[PDB]
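To start, the structure under review is shown below, and the notes come after it.
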Amino acid sequence: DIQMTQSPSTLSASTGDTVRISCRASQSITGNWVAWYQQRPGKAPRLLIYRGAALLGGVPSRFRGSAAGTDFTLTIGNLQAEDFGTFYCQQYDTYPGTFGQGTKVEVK
Amino acid sequence: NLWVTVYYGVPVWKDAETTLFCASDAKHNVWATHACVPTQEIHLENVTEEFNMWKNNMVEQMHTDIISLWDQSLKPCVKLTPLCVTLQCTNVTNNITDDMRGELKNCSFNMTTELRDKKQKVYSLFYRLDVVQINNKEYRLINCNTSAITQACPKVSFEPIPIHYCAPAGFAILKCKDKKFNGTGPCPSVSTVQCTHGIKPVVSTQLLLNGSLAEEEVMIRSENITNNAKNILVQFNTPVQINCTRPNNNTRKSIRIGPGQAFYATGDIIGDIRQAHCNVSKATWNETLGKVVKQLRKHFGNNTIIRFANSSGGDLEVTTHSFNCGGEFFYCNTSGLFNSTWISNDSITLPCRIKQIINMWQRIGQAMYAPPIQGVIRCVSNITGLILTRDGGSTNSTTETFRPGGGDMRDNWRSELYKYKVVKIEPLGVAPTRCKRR
Amino acid sequence: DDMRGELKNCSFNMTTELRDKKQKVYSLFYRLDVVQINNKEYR
Amino acid sequence: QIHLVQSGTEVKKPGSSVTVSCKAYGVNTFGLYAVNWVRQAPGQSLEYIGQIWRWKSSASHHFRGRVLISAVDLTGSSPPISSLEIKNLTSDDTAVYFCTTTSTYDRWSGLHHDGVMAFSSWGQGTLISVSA
Amino acid sequence: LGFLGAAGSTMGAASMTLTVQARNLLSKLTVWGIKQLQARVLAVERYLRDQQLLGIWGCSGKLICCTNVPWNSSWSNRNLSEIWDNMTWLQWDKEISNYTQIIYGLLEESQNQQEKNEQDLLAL
Amino acid sequence: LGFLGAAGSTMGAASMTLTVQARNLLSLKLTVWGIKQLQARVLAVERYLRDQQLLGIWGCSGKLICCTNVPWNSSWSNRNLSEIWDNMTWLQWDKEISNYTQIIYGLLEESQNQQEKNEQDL
Ligand SMILES: *[C@@H]1O[C@H](CO)[C@@H](O[C@@H]2O[C@H](CO)[C@@H](O[C@@H]3O[C@H](CO[C@H]4O[C@H](CO[C@H]5O[C@H](CO)[C@@H](O)[C@H](O)[C@@H]5O[C@H]5O[C@H](CO)[C@@H](O)[C@H](O)[C@@H]5O)[C@@H](O)[C@H](O[C@H]5O[C@H](CO)[C@@H](O)[C@H](O)[C@@H]5O)[C@@H]4O)[C@@H](O)[C@H](O[C@H]4O[C@H](CO)[C@@H](O)[C@H](O)[C@@H]4O[C@H]4O[C@H](CO)[C@@H](O)[C@H](O)[C@@H]4O[C@H]4O[C@H](CO)[C@@H](O)[C@H](O)[C@@H]4O)[C@@H]3O)[C@H](O)[C@H]2NC(C)=O)[C@H](O)[C@H]1NC(C)=O
Ligand SMILES: *[C@@H]1O[C@H](CO)[C@@H](O[C@@H]2O[C@H](CO)[C@@H](O[C@@H]3O[C@H](CO[C@H]4O[C@H](CO)[C@@H](O)[C@H](O)[C@@H]4O)[C@@H](O)[C@H](O[C@H]4O[C@H](CO)[C@@H](O)[C@H](O)[C@@H]4O)[C@@H]3O)[C@H](O)[C@H]2NC(C)=O)[C@H](O)[C@H]1NC(C)=O
Ligand SMILES: *[C@@H]1O[C@H](CO)[C@@H](O[C@@H]2O[C@H](CO)[C@@H](O[C@@H]3O[C@H](CO)[C@@H](O)[C@H](O)[C@@H]3O)[C@H](O)[C@H]2NC(C)=O)[C@H](O)[C@H]1NC(C)=O
Ligand SMILES: *[C@@H]1O[C@H](CO)[C@@H](O[C@@H]2O[C@H](CO)[C@@H](O[C@@H]3O[C@H](CO)[C@@H](O)[C@H](O)[C@@H]3O)[C@H](O)[C@H]2NC(C)=O)[C@H](O)[C@H]1NC(C)=O
Ligand SMILES: *[C@@H]1O[C@H](CO)[C@@H](O[C@@H]2O[C@H](CO)[C@@H](O)[C@H](O)[C@H]2NC(C)=O)[C@H](O)[C@H]1NC(C)=O
Ligand SMILES: *[C@@H]1O[C@H](CO)[C@@H](O[C@@H]2O[C@H](CO)[C@@H](O)[C@H](O)[C@H]2NC(C)=O)[C@H](O)[C@H]1NC(C)=O
Ligand SMILES: *[C@@H]1O[C@H](CO)[C@@H](O[C@@H]2O[C@H](CO)[C@@H](O)[C@H](O)[C@H]2NC(C)=O)[C@H](O)[C@H]1NC(C)=O
Ligand SMILES: *[C@@H]1O[C@H](CO)[C@@H](O[C@@H]2O[C@H](CO)[C@@H](O)[C@H](O)[C@H]2NC(C)=O)[C@H](O)[C@H]1NC(C)=O
Ligand SMILES: *[C@@H]1O[C@H](CO)[C@@H](O[C@@H]2O[C@H](CO)[C@@H](O)[C@H](O)[C@H]2NC(C)=O)[C@H](O)[C@H]1NC(C)=O
Ligand SMILES: *[C@@H]1O[C@H](CO)[C@@H](O[C@@H]2O[C@H](CO)[C@@H](O)[C@H](O)[C@H]2NC(C)=O)[C@H](O)[C@H]1NC(C)=O
Ligand SMILES: *[C@@H]1O[C@H](CO)[C@@H](O[C@@H]2O[C@H](CO)[C@@H](O)[C@H](O)[C@H]2NC(C)=O)[C@H](O)[C@H]1NC(C)=O
Ligand SMILES: *[C@@H]1O[C@H](CO)[C@@H](O[C@@H]2O[C@H](CO)[C@@H](O)[C@H](O)[C@H]2NC(C)=O)[C@H](O)[C@H]1NC(C)=O
Ligand SMILES: *[C@@H]1O[C@H](CO)[C@@H](O[C@@H]2O[C@H](CO)[C@@H](O)[C@H](O)[C@H]2NC(C)=O)[C@H](O)[C@H]1NC(C)=O
Ligand SMILES: *[C@@H]1O[C@H](CO)[C@@H](O)[C@H](O)[C@H]1NC(C)=O
Ligand SMILES: *[C@@H]1O[C@H](CO)[C@@H](O)[C@H](O)[C@H]1NC(C)=O
Ligand SMILES: *[C@@H]1O[C@H](CO)[C@@H](O)[C@H](O)[C@H]1NC(C)=O
Ligand SMILES: *[C@@H]1O[C@H](CO)[C@@H](O)[C@H](O)[C@H]1NC(C)=O
Ligand SMILES: *[C@@H]1O[C@H](CO)[C@@H](O)[C@H](O)[C@H]1NC(C)=O
Ligand SMILES: *[C@@H]1O[C@H](CO)[C@@H](O)[C@H](O)[C@H]1NC(C)=O
Ligand SMILES: *[C@@H]1O[C@H](CO)[C@@H](O)[C@H](O)[C@H]1NC(C)=O
Ligand SMILES: *[C@@H]1O[C@H](CO)[C@@H](O)[C@H](O)[C@H]1NC(C)=O
Ligand SMILES: *[C@@H]1O[C@H](CO)[C@@H](O)[C@H](O)[C@H]1NC(C)=O
C-alpha cells in the first residue's frame, strides 16, 4: 500500500506558460511504474503518459515526464485552452494500485 | 556490498522474425526436394505464452515461397507461343451417350514446322472451356487476348512432398500442445522444438484434402465472428474418404512445331466416353455434419436452425471444388453435399470437368497448359476440413445459412501453422552478487 | 509557324493476337524519329 | 477503434442487489486483454475495485466477498459483455462506475506488471445513487 | 532438463544449466540456397556480436565471470532473497531494462582502467 | 573524443582511448544492391577474424594492452622513452618499423611456443 501525494493542490496559469506537477510516493519506486492521467470535468478520463517518460499515440509532444527515485514530475509547456482539467499520478508497482489526489489547473 | 556479475546463457527470449529454410529426407518435382538439408521436443513448465494465428508471419513467407517455387520450373522448357491460330472445330461422336455431347470438340488447324516457309495441317481434341467461338464456325483459345500460353513442363511432377521450414541457430520455435486450442489466447502448455512436422502443400478450394486431423472434437476457427466477410475454418476429428476417377484413356500425340520444339496434344480415345466422377460415402457425411453442427451451435445458440446450401456464384475456381489428381486438374460441382436443414450403403457421386488451361494463384498474365496423361486416372483422398462462410441476415430470425467458399490460398496453409511461434534468444544477463575480483 | 513540318501522321500494318490476321493502324511521330526511304515511305 | 458502452443511471434501494453491464466493440478475445473495474466518488479520488485477467477474476482486499465480476467471449450476434454484481450495498455507494480494458498481448509492452496494470481505454461511467 | 528447460524456475535454480544454452548458439543459387546462406551469415554475425561484447569486458571463455563495479542502490533495492528465489529471468530483464546502458558503459571504462593499471605493476 | 579523434595526438595520449576503436571494427534478393550488402558483411567478418587470429597465436587474446617477454633489439630503434611517446605519433612510428615488422611478428610466434607443456606430462 503506497500512498501518493500530488503537488500542488490548486494552481492557475495563463495561455503560454509551463505547469510543473510533482508526485511523491511512500517507498522508492526504482522500476518507474507510474502513470499520468488527465480527466476533464464532466467528461471521461484519458491516459496521457505511461511508464513515466513515454508518450501515447495521439498525445502531442509538448507534454514531458521525468522520474527520479521517489519524485515523478510532469511538465506541460505551451499551455492551451483545452488542457484545463484534473491530473492524476497513479502507481502500479505493488498490489493494489492507488491513485493520487487531484490537481486542477484554472485560467487567470 | 553488492557487485555486478555478467551471466551468459539465460533463458530469455524476445519476439522477432527471420528466414526459414527447407528440410526434407531423400524424375524431378516442382518443389525442390533435393535442395533441402536431410532431417527433439523439450517441454517447458511454469511459463505461459499468448498465441495469435491471425497475425503470423510464417503464412506470408510460405505463400511467397510457394509462388517463387511455382515460377522456377516453367521457365527452361518449351513455351507454346505460336498456338494462337484460327481453329476449325466440329463435334466428336464415337459411341457417346447423353449429357457428354458438347464438352469435347475435334479441332483442325495449320501450324508451322521446322522449316520457315512451310506449313502443316494438324488436328487435335479440345475441351469446351478451352475454346471460344468468334463471329463451319471458327474457334480460338480463351487465354490468348489477355495472357501468354506456355506448356507445363513434361519432366516434373505435381506430387506434394512434406517439407520442414526450419530455423537457424540463435532462434527458437515454440509450440502449444493444447488439444482444444483455437489459435488465439494464452496457452499453458508450451514446448520448444527444432522445427515443425510434415506439411503437404495441397492446393484445393472448399475441401482441405490430405491435411491434419484434430484430437478431441471438431474445431471451428474464425477471426471476426460478428462480420459476414471473414472465412470460417472447420477441422474434423475423423477423415472422410473420397474416391475420384476418370474413365478416359487420353492417348497423347507429339507434334514438332519447330527446331527442338514439341507439342503434346490429345490423340484418339479407345473406349467409351464417360464422365469423370468422385464417389463419397453418404453414411459418414451425415454424422460429420452432425458433429460439425453440434460444435457450431455453441457460437449461435441452442434455438438456431442451420441451413446448408451451395455456392451463389462468381469465378469457376471459387464456386466449384478445384483440385489436382494424377497430374490433371478437376473441377467438381459438389452441389449435392451442402444441401441440408438442421432443426434444434449408398454413395454420392459428383461429376467433375477437366480443364487444360489453368490460371494459378489468381494471376492475370501468366497461363499454363497441362499435357495429357496416358492411362486411367484414379486417386483416393481424405477430407480433413472445410472452408465455410455466412451471409448477412436481418438480425431478427434464427435461421443461418452456410455456404462453401475459398479462392485465397492463405487459409489452406494457416490451418497448419496456427500453433507455432518464432522467438529470438538473448543469452546476456546482469545480476547482483556479493563478490569481488581477484 | 515554327511547327509546320515537325509532326508526321503515319500509318502502318501490324500483327495482332491472331497469327494469321493483320491490322492497319495509325500514329503520330516526330521528324527526329523517322527517316525517308528513296505520300512517301518512312522507317 | 475500440468503443465501450455501459448501462444507464439506475436508482436502487438499500438491501437489494445491483448489476452493471459493459459492452465492448473492437476487441478480439478476453484472453489477450484484461478488464479492470474501478469507480470514482463525487468530490473524492478514484478507487480500484476489481479485475479479470486470463479468465481469473479477482477483487481488492476491501471488496472481498461483496462484488462479483463475470465475462463472456465473442458471440456471432452479441457484443462482448462484462458484468459486475454488487450485493448488500450500503448508504455510501453513490458513485460513477467505469469499465476499462488493457491489452496484455506483448510481454515487453510495459503496460502491465505481474497482474496489476494501467488503463488505456475508458468508458462513460454509470451514476449509482442509493437512498432510503 | 534440456534446451531452455529452466525457463520457469527461479534465478538461483537456472544459473547452473547455463552450458546447455551456450552450445546451441552457433549450429546453383536456387530459392533454398540463398535462404540457407543468409541464415548462416546471420548466425555467424549473431555469434560474433555477442563474442565481441564478451571480449570487451574481459570474459573470454567464462560464464559466471566477476566484475569490479559496485551495484547502485537506485537500480534495484531488493535483497538476495527476493531475487534469486522469487523472480525469474523473464522479469529481471524487464525490471532493470531502463538501466542496462549505464551498466554496459560502466563495464568498459573499469576494464580499461584495470588494464592500464596492470602496466604500472610490472614496470618496477 | 570520438572515433579516430586522437589521430593528431602523441603515442602517450592516444593509447588511453583504445576502447573507442575496439568496438567499431565489426558493426534479400539477387539484385545489384542485394549482393553488395552480403559482400560487405563477408568482408567485415573477414577483416575481423584475420585480425583476431593473430592475437590468438601470441597469447594476447582478449587483451588490448598486452606485453610479452620478447627483448627489444637496439638495432630497430635508437630512441629513448621520451622521444617516442611524447613526440612521435602513431602515423610516424609505423613508417620507421616497416622494415622490421616481420621480424617482430616472427619472434612473437615462438614466444608463446617456448612456453608450452614439456615432459611434466610424462
Ligand atoms: C478459445 O478456447 C478457450 C478455451 O480455454 C476459450 O476460453 C473459455 O472462454 C469462455 C467464455 O465463453 C469461458 O467461460 C466463462 O468462464 C468464466 C470464468 O469465471 C471464473 O470466475 C468465477 C468467479 O470466481 C469467483 O467466485 C467464486 C465463487 O464465489 C470463488 O470461488 C472464486 O474464488 C472467485 O472469487 C474471487 O473473486 C471475488 C470477486 O468476484 C472475491 O470477492 C473473492 O474473494 C475471490 O477473490 C468462477 O466462479 C468460475 O468458476 C467456474 O468455472 C470453472 C472452470 O473450471 C469451474 O471449475 C467452476 O466450477 C465454475 O463453474 C471461473 O473460475 C465464467 O464466469 C463464465 O460464466 C458465465 O457464463 C456461463 C454460461 O457459459 C453462465 O452460466 C454464468 O452465470 C456466467 O454468465 C453470467 O455473465 C454473463 C456475462 O455478463 C451474462 O450474460 C449472464 O447472463 C450471466 O450473468 C448472470 O449471472 C451473474 C452471476 O454470475 C449475475 O450477476 C447477473 O446479474 C446475471 O444474472 C463462463 O463460464 C471459459 O472459462 C474459458 N475457458 C478456459 C478459461 O479454460 C475461449 O473463449 C476460446 N476463444 C474463442 C474465440 O473461441
Ligand atoms: C468485426 O466486424 C465489425 C462489423 O464491421 C467491425 O466494425 C465494428 O462494428 C461495431 C458495430 O456496433 C462498432 O461498434 C460501435 O458501437 C457504438 C455503440 O452503439 C450503440 O450506441 C449508438 C449511439 O451512439 C446506437 O445507435 C447503437 O444502436 C448502439 O446502441 C456506436 O456508437 C458506433 O457507431 C459510431 O460511433 C462513434 C460515434 O459515436 C464513431 O466514432 C464510430 O466510428 C461509429 O461510426 C459503432 O456502431 C465498432 O466500432 C466497429 N469497429 C470499428 C473498428 O469501427 C469490427 O471492427 C470488426 N472487428 C475487428 C476486430 O476488426
Ligand atoms: C461410383 O458409384 C457409381 C454408382 O453409384 C459406380 O457406377 C457403377 O459402376 C459399376 C462398375 O463399373 C457398374 O456396373 C456395370 O454394370 C453393367 C451392366 O450390368 C455391366 O455390364 C458392367 O460389367 C458393370 O458391372 C454400374 O452399373 C455403375 N452404376 C451406375 C449407376 O452407373 C462407379 O463405378 C463408382 N466409382 C468408383 C470409383 O467407385
Ligand atoms: C492425398 O494422398 C494420397 C496418398 O499418397 C494421394 O494418392 C496418390 O496419388 C498419386 C497421384 O496419382 C498416385 O500415384 C500414381 O499411382 C498410379 C497407380 O497406378 C501410378 O500408375 C502412377 O504412375 C502414379 O505413381 C498414388 O498411387 C496415390 N496413392 C495411393 C495410396 O493411392 C492423393 O493423390 C493425395 N491427394 C491429392 C489431392 O494430391
Ligand atoms: C524505459 O524503457 C522503455 C522501453 O525500453 C521506454 O518505453 C518507450 O519510451 C519511448 C520514449 O518516447 C516511447 O516512444 C516508446 O513507445 C516506449 N515503449 C516502447 C515499447 O518502446 C521508457 O520510456 C523508458 N523509461 C524511461 C526512459 O524513463
Ligand atoms: C477429327 O477430324 C479428323 C479430320 O478432320 C479425323 O481424321 C479422319 O478420320 C477418319 C476416320 O477414321 C479417317 O478415315 C481419315 O483418314 C482421317 N483424316 C485424316 C486427315 O487423318 C479424326 O478421326 C477426327 N477425330 C475423331 C476423334 O473423330
Ligand atoms: C490452312 O492453310 C490453307 C492454305 O494453305 C487454307 O486453305 C485456304 O482457306 C481459305 C479460307 O477459306 C480459302 O479461301 C482458300 O481457297 C484455301 N486454299 C488455298 C490454297 O488458299 C486453310 O483454310 C487453312 N486452315 C486450315 C484449318 O486448314
Ligand atoms: C474407395 O476405394 C477403396 C479402395 O481403393 C475402397 O475400399 C475397399 O472397398 C471394398 C468394397 O467395399 C472392400 O471390399 C475393401 O475391403 C476395401 N478396402 C480395400 C483395401 O480394398 C473404398 O470402399 C472406396 N470408397 C468408396 C466410397 O467407394
Ligand atoms: C450443379 O448441381 C446443381 C444441382 O444438381 C445444378 O442445378 C440444377 O441442375 C439440374 C439438373 O438436373 C438442372 O436441370 C437445373 O437447371 C440446375 N439449376 C440451375 C442451373 O439453376 C447445377 O446446374 C450444377 N452445375 C452445373 C455447372 O451443371
Ligand atoms: C486418411 O485417413 C486414414 C485414417 O486415419 C489414414 O490412415 C492412417 O495413416 C497414418 C499415417 O498418416 C498411419 O499411421 C495409420 O496407421 C493409418 N491408419 C489408421 C487406421 O489410422 C490415411 O493415411 C489418410 N490418408 C492420407 C493420404 O494421409
Ligand atoms: C511536308 O513537310 C515537309 C517539311 O516541312 C516538306 O518538305 C519541304 O517543303 C518545303 C516547302 O515547299 C520545301 O521548300 C523543301 O524543299 C521541302 N524539303 C525537302 C527535303 O524536300 C514537304 O514538302 C511537305 N509536303 C507536303 C505535301 O506538304
Ligand atoms: C498494308 O497491307 C495492305 C494489304 O491489303 C497493303 O496494300 C497493298 O499495297 C500494295 C503496295 O502498294 C499494293 O500493290 C496493293 O494493291 C495494296 N492492296 C492489296 C489488297 O494488296 C498496304 O500497302 C500495307 N501498308 C500500309 C501502310 O497500309
Ligand atoms: C491522322 O491519321 C489518322 C489515322 O490514324 C486519321 O484518322 C482517320 O481520319 C479519317 C478522315 O477523317 C476518318 O475517316 C477515319 O475514321 C480516321 N480513323 C482511322 C482509324 O482511320 C486522321 O484524320 C489523320 N489526321 C489528323 C489531323 O489526325
Ligand atoms: C455440335 O454441338 C453443339 C453443342 O452441343 C450443338 O449446339 C450443335 O448443334 C452440334 N452440331 C451438330 C451438327 O451436331
Ligand atoms: C478476352 O476475350 C474474352 C472472350 O471473348 C473476353 O471475355 C475478355 O473480356 C477479353 N479480354 C480483353 C482484355 O479483351
Ligand atoms: C488405352 O489404350 C491402349 C492402347 O493404346 C490399351 O493398351 C489400353 O488397354 C487402354 N486402356 C484402357 C482400355 O483402359
Ligand atoms: C445448449 O445445449 C447443450 C446441450 O448439451 C448444453 O450443454 C448447454 O448448456 C446449452 N446452452 C445453454 C446456454 O444452456
Ligand atoms: C446451387 O443450387 C441451386 C439449386 O439447385 C442451383 O439452381 C444453382 O445453379 C446452384 N449453383 C451452383 C453454382 O451450382
Ligand atoms: C436438396 O435437398 C432437397 C430436400 O431433400 C431435395 O428435394 C433436393 O432434391 C436436393 N437437391 C440435390 C441437388 O440433391
Ligand atoms: C514449477 O513450479 C513448481 C512449484 O511452483 C516447482 O515445484 C517446479 O520445480 C517448477 N518447475 C521447474 C522446471 O522449475
Ligand atoms: C548511483 O546513482 C547516483 C544517482 O544517479 C549517482 O549520483 C552515483 O554516482 C551512482 N553511484 C554508483 C556507485 O554508480
Ligand atoms: C593539436 O596541436 C595542439 C598544439 O597546437 C594541441 O594543443 C592539441 O591537443 C592537438 N590536438 C590533439 C587532438 O591532440
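By convention here, the chains of the C-alpha cells are called A, B, ... in the order presented, each chain's residues are numbered starting at 1, and ligands are numbered starting at 1 in the order presented.
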
Which residues of chain F have any atom within 9 Å of an atom in chain E when counting only C-alpha atoms, and what is the closest pair of atoms for each, with the distance in Å to one decimal? Order the rows by chain and rising number and write it as CSV.
```
residue,atom,partner,partner_atom,distance
F:16,CA,E:116,CA,7.8
F:17,CA,E:112,CA,8.6
F:18,CA,E:112,CA,8.4
F:19,CA,E:112,CA,7.2
F:22,CA,E:56,CA,7.8
F:23,CA,E:52,CA,7.9
F:26,CA,E:49,CA,7.7
F:27,CA,E:49,CA,8.2
F:28,CA,E:38,CA,8.4
F:29,CA,E:34,CA,8.3
F:30,CA,E:34,CA,8.8
F:38,CA,E:38,CA,8.3
F:41,CA,E:41,CA,8.1
F:42,CA,E:41,CA,8.0
F:45,CA,E:45,CA,7.9
F:61,CA,E:60,CA,8.1
F:62,CA,E:55,CA,5.5
F:63,CA,E:58,CA,7.7
F:64,CA,E:115,CA,7.8
F:65,CA,E:115,CA,6.8
F:66,CA,E:115,CA,8.8
F:67,CA,E:119,CA,8.8
```

Region 139-148 of chain B surroundings by only C-alpha atoms, 9 Å radius, close-in-sequence under 6 positions cut, as a VMD selection string: (chain B and resid 79 to 81 83 to 89 107 129 to 133 357 364 to 368) or (chain C and resid 17 to 18)

Which of region 10-103 of chain E fall in strand (DSSP E), as a PyMOL selection string: chain E and resi 66-70

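Look at residue 73 (chain D): the protein and nucleic acid residues within 12 Å of it, using only C-alpha atoms and passing over chain neighbours fewer than 5 places away, are residues 184, 185, 224, 225, 226, 298 and 299 of chain B; 23, 24, 27, 28, 29, 30, 31, 32, 33, 55, 78, 79, 80, 81 and 82 of chain D.
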
Writer output for current selection, N, CA, C and O atoms, as an mmCIF file, in the first residue's frame:
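And here's part.cif as it stands now:
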```cif
data_model
loop_
_atom_site.group_PDB
_atom_site.id
_atom_site.type_symbol
_atom_site.label_atom_id
_atom_site.label_comp_id
_atom_site.auth_asym_id
_atom_site.auth_seq_id
_atom_site.Cartn_x
_atom_site.Cartn_y
_atom_site.Cartn_z
ATOM 1 N N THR B 184 -5.976 -18.484 -30.686
ATOM 2 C CA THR B 184 -5.930 -17.126 -30.151
ATOM 3 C C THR B 184 -6.087 -17.181 -28.640
ATOM 4 O O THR B 184 -7.081 -17.716 -28.140
ATOM 5 N N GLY B 185 -5.112 -16.630 -27.921
ATOM 6 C CA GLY B 185 -5.190 -16.538 -26.482
ATOM 7 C C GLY B 185 -3.988 -17.141 -25.785
ATOM 8 O O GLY B 185 -2.994 -17.505 -26.418
ATOM 9 N N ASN B 224 -13.292 -12.683 -37.039
ATOM 10 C CA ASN B 224 -14.349 -11.787 -36.572
ATOM 11 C C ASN B 224 -15.676 -12.518 -36.747
ATOM 12 O O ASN B 224 -16.187 -12.628 -37.866
ATOM 13 N N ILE B 225 -16.232 -13.019 -35.642
ATOM 14 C CA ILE B 225 -17.475 -13.786 -35.707
ATOM 15 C C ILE B 225 -18.698 -12.898 -35.888
ATOM 16 O O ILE B 225 -19.771 -13.402 -36.242
ATOM 17 N N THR B 226 -18.565 -11.589 -35.681
ATOM 18 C CA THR B 226 -19.658 -10.649 -35.882
ATOM 19 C C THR B 226 -19.640 -10.012 -37.267
ATOM 20 O O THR B 226 -20.413 -9.082 -37.517
ATOM 21 N N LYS B 298 -22.804 -23.850 -30.525
ATOM 22 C CA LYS B 298 -22.326 -23.185 -29.318
ATOM 23 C C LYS B 298 -22.031 -21.708 -29.543
ATOM 24 O O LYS B 298 -22.035 -20.936 -28.579
ATOM 25 N N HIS B 299 -21.777 -21.299 -30.786
ATOM 26 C CA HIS B 299 -21.455 -19.912 -31.091
ATOM 27 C C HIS B 299 -22.667 -19.091 -31.510
ATOM 28 O O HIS B 299 -22.543 -17.872 -31.667
ATOM 29 N N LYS D 23 -20.549 -3.266 -22.509
ATOM 30 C CA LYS D 23 -20.436 -3.875 -23.827
ATOM 31 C C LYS D 23 -19.250 -3.271 -24.566
ATOM 32 O O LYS D 23 -19.052 -2.051 -24.545
ATOM 33 N N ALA D 24 -18.465 -4.127 -25.215
ATOM 34 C CA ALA D 24 -17.277 -3.703 -25.942
ATOM 35 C C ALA D 24 -17.483 -3.864 -27.444
ATOM 36 O O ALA D 24 -18.286 -4.685 -27.893
ATOM 37 N N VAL D 27 -12.602 -5.246 -29.581
ATOM 38 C CA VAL D 27 -11.680 -6.220 -29.011
ATOM 39 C C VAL D 27 -11.848 -7.565 -29.712
ATOM 40 O O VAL D 27 -12.887 -7.870 -30.305
ATOM 41 N N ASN D 28 -10.791 -8.376 -29.658
ATOM 42 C CA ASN D 28 -10.792 -9.691 -30.289
ATOM 43 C C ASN D 28 -11.169 -10.795 -29.307
ATOM 44 O O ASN D 28 -12.177 -11.481 -29.493
ATOM 45 N N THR D 29 -10.372 -10.979 -28.257
ATOM 46 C CA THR D 29 -10.613 -12.022 -27.271
ATOM 47 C C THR D 29 -10.176 -11.503 -25.909
ATOM 48 O O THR D 29 -9.183 -10.780 -25.797
ATOM 49 N N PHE D 30 -10.924 -11.881 -24.871
ATOM 50 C CA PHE D 30 -10.570 -11.536 -23.498
ATOM 51 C C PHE D 30 -9.377 -12.320 -22.963
ATOM 52 O O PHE D 30 -8.915 -12.024 -21.856
ATOM 53 N N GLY D 31 -8.873 -13.314 -23.700
ATOM 54 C CA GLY D 31 -7.638 -13.964 -23.303
ATOM 55 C C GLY D 31 -6.411 -13.126 -23.587
ATOM 56 O O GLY D 31 -5.399 -13.253 -22.892
ATOM 57 N N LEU D 32 -6.479 -12.265 -24.599
ATOM 58 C CA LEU D 32 -5.402 -11.338 -24.918
ATOM 59 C C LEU D 32 -5.566 -9.986 -24.237
ATOM 60 O O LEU D 32 -4.663 -9.148 -24.331
ATOM 61 N N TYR D 33 -6.686 -9.757 -23.560
ATOM 62 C CA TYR D 33 -6.969 -8.497 -22.891
ATOM 63 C C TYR D 33 -7.216 -8.743 -21.409
ATOM 64 O O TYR D 33 -7.172 -9.877 -20.923
ATOM 65 N N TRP D 55 -8.884 -15.056 -17.654
ATOM 66 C CA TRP D 55 -10.049 -15.788 -17.183
ATOM 67 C C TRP D 55 -9.990 -16.056 -15.681
ATOM 68 O O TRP D 55 -10.520 -17.054 -15.197
ATOM 69 N N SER D 78 -23.884 -10.939 -30.781
ATOM 70 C CA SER D 78 -23.832 -10.243 -29.499
ATOM 71 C C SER D 78 -22.439 -9.679 -29.257
ATOM 72 O O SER D 78 -21.444 -10.343 -29.588
ATOM 73 N N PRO D 79 -22.330 -8.479 -28.690
ATOM 74 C CA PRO D 79 -21.008 -7.912 -28.383
ATOM 75 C C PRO D 79 -20.404 -8.568 -27.153
ATOM 76 O O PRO D 79 -21.102 -9.294 -26.428
ATOM 77 N N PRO D 80 -19.104 -8.370 -26.903
ATOM 78 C CA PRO D 80 -18.515 -8.843 -25.640
ATOM 79 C C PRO D 80 -19.090 -8.102 -24.438
ATOM 80 O O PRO D 80 -19.123 -6.869 -24.405
ATOM 81 N N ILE D 81 -19.533 -8.875 -23.448
ATOM 82 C CA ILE D 81 -20.268 -8.372 -22.292
ATOM 83 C C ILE D 81 -19.444 -8.655 -21.040
ATOM 84 O O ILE D 81 -18.975 -9.782 -20.845
ATOM 85 N N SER D 82 -19.268 -7.635 -20.199
ATOM 86 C CA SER D 82 -18.645 -7.792 -18.889
ATOM 87 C C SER D 82 -19.596 -7.241 -17.837
ATOM 88 O O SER D 82 -19.993 -6.075 -17.910
#
```

Contacts with ligand 7 at most 12 Å, only C-alpha atoms and all ligand atoms counted, listed as an NGL selection string: (:B and (85-90 or 106-112 or 117-124 or 136-140)) or (:C and (19-20))

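Taking only C-alpha atoms and all ligand atoms into account, ligand 19 has within 7 Å the residues residues 335, 336, 339 and 340 of chain B.
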
Next, write the just-selected residues to a file, as an mmCIF file, in the first residue's frame, keeping C-alpha atoms as the atom set.
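Result file follows (part34.cif):
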```
data_model
loop_
_atom_site.group_PDB
_atom_site.id
_atom_site.type_symbol
_atom_site.label_atom_id
_atom_site.label_comp_id
_atom_site.auth_asym_id
_atom_site.auth_seq_id
_atom_site.Cartn_x
_atom_site.Cartn_y
_atom_site.Cartn_z
ATOM 1 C CA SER B 335 -23.678 -29.080 -55.059
ATOM 2 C CA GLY B 336 -25.136 -32.289 -53.605
ATOM 3 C CA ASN B 339 -27.883 -29.358 -49.067
ATOM 4 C CA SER B 340 -29.480 -29.821 -45.647
#
```

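Taking only C-alpha atoms and all ligand atoms into account, every polymer residue with at least one atom at most 8 Å away from ligand 18 is listed here: residues 309, 310, 311, 312, 313, 319, 320, 333, 334 and 335 of chain B.
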
With C-alpha atoms retained, write the just-selected residues as an mmCIF file, in the first residue's frame.
```cif
data_model
loop_
_atom_site.group_PDB
_atom_site.id
_atom_site.type_symbol
_atom_site.label_atom_id
_atom_site.label_comp_id
_atom_site.auth_asym_id
_atom_site.auth_seq_id
_atom_site.Cartn_x
_atom_site.Cartn_y
_atom_site.Cartn_z
ATOM 1 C CA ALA B 309 -26.815 -24.530 -49.243
ATOM 2 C CA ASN B 310 -24.432 -24.451 -52.196
ATOM 3 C CA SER B 311 -22.426 -21.553 -53.639
ATOM 4 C CA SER B 312 -24.090 -18.456 -55.072
ATOM 5 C CA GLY B 313 -21.849 -17.520 -57.997
ATOM 6 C CA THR B 319 -17.789 -21.903 -56.613
ATOM 7 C CA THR B 320 -16.549 -25.294 -57.860
ATOM 8 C CA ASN B 333 -19.785 -29.227 -58.977
ATOM 9 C CA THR B 334 -20.163 -30.560 -55.345
ATOM 10 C CA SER B 335 -23.678 -29.080 -55.059
#
```

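Coordinates place CA of residue 60 (chain B) at a distance of 26.7 Å from atom 25 (N, counted along the ligand's line) of ligand 10.
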
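The protein and nucleic acid residues lying at most 9 Å from residue 90 (chain F) are residues 7, 8, 9, 10, 11 and 14 of chain F, with only C-alpha atoms considered and sequence neighbours fewer than 5 positions away removed.
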
12 Å contact set for residue 39 (chain C), only C-alpha atoms, chain neighbours under 5 positions out, as a ChimeraX atom specification: /C:8-11
